[PDB]
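Report on the structure given below.
Because the Cβ atoms are built from the backbone with ideal geometry, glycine has one as well, and the counts that use them run over all protein chains shown. Quick note: the coordinates plus some simple rules give every number you see, no bench work behind them.
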Amino acid sequence: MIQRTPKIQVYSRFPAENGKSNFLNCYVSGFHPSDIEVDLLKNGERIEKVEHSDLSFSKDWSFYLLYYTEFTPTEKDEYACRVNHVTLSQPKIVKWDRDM
Ligand SMILES: [Cu+2]
């Protein structure tokens, strides 16, 4: 019964070491999940082997949700989460910043 753009936070499971394998995470929360579409991107390109958790929600249908994939970072490679949702007129993109 309330409306809001979905919050998106992008972080790595362990602290990042170039060349060392790790996991990339995108935590999405908001209202009215409603077929929301989430992708992870390596240099603007959609990744294939992406897992997600069950979607958690409460009465008013606020929700959170996690998408992730194993990956192994470098300085050259650009990583990001991309979300598609009714409240968005276009796909929203948050970049993974290992210092932020
Ligand atoms: Cu609502």
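Quick look at the values:
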{"quantity": "Coil-residue GluC sites (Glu not before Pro) of segment 1-50, DSSP, other Cβ within 10 Å capped at 15", "calculated": "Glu17, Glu48"}
{"quantity": "Which of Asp77, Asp35 has the fewest Cβ neighbours within 10 Å, and the rest in rising order", "calculated": "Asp35, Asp77"}
{"quantity": "³J(HN,Hα), Karplus 6.51/-1.76/1.60, whole Hz, each residue of segment 83-90, x for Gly, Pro", "calculated": "10, 10, 7, 3, 5, 9, 7, 9"}
{"quantity": "Residues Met1, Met100 arranged by fewest to most Cβ contacts within 10 Å", "calculated": "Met1, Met100"}
{"quantity": "Other-chain or far-sequence residues with amide H under 5 Å of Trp96's (modelled H)", "calculated": "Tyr79, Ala80, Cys81"}
{"quantity": "Full-extension gain in nm, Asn84 to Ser56, via 0.36 nm per residue minus C-alpha separation", "calculated": "8.3 nm"}
{"quantity": "Gain in span if fully extended, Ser21 to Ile93, counting 0.36 nm per residue against the direct Cα distance", "calculated": "23.6 nm"}
{"quantity": "Which of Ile2, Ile93, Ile36 has the fewest Cβ neighbours within 10 Å, and the rest in rising order", "calculated": "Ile2, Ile93, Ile36"}
